[PDB]
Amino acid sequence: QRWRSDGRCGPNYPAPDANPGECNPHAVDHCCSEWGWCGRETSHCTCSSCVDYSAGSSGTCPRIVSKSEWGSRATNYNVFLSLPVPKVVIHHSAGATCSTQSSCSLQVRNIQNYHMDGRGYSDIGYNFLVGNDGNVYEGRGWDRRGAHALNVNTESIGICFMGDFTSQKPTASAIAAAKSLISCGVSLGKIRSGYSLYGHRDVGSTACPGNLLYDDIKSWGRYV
């Protein structure tokens, strides 16, 4: 990857997939200092030759497409989650995949219409969605109680990958976007650092989030 395993970085310690060697954006030590160490302190982040990998397109926080950007309909749901959140539940759409911001935005619009008009929800059920386009889309957000898993709605953030992943896996960009979303939520204090990661099937009776995606999330950090 773009950072080393020994904790070094910079133009003197090249990474396997990166020269100069970089730092894990989602790690506590995400700044490459003068002395070629990945560190966390202000000195590591604010020197003239220092690089803070928390920031940028590859930072901890992924670009979240807001409700107004993906074309959400008017909602007025204000049932708030107790923050920070103990656990993260992973979902799959069990539906269409999407590869562009337009098609994924349309897909989110469809899912919202299904939840509100077909099932009678106050809004789209999930807190966030993720498309194969590598983007994150805003559902009920960080602060509002979701409707994605009955046993755990009040204690969790629901992230739903858009697609069916029983025999497929999402694009690497989708996975990266979800992980970065989680990391971001942790950095903000929306999600506890000692959070627990669940698949939907772990907390309910479904095949969600599909076999292969469920297999992949075991390798993610903090899976229960």
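Numbers follow the displayed sequence, beginning with 1.
Two stretches are in play, 181-189 and 36-44, and the higher mean C-alpha B-factor belongs to 36-44.
As recorded in the PDB entry, 98-106 is the stretch of 98-106 and 125-133 with the greater mean C-alpha temperature factor. The PDB entry assigns the greatest CA B-factor among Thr171, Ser68, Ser58, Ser156 to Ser58.
Sorting the modelled residues of the chain by their CA temperature factor places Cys50 in the highest third. The PDB entry assigns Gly199 a C-alpha temperature factor belonging to the highest third of its chain's modelled residues.
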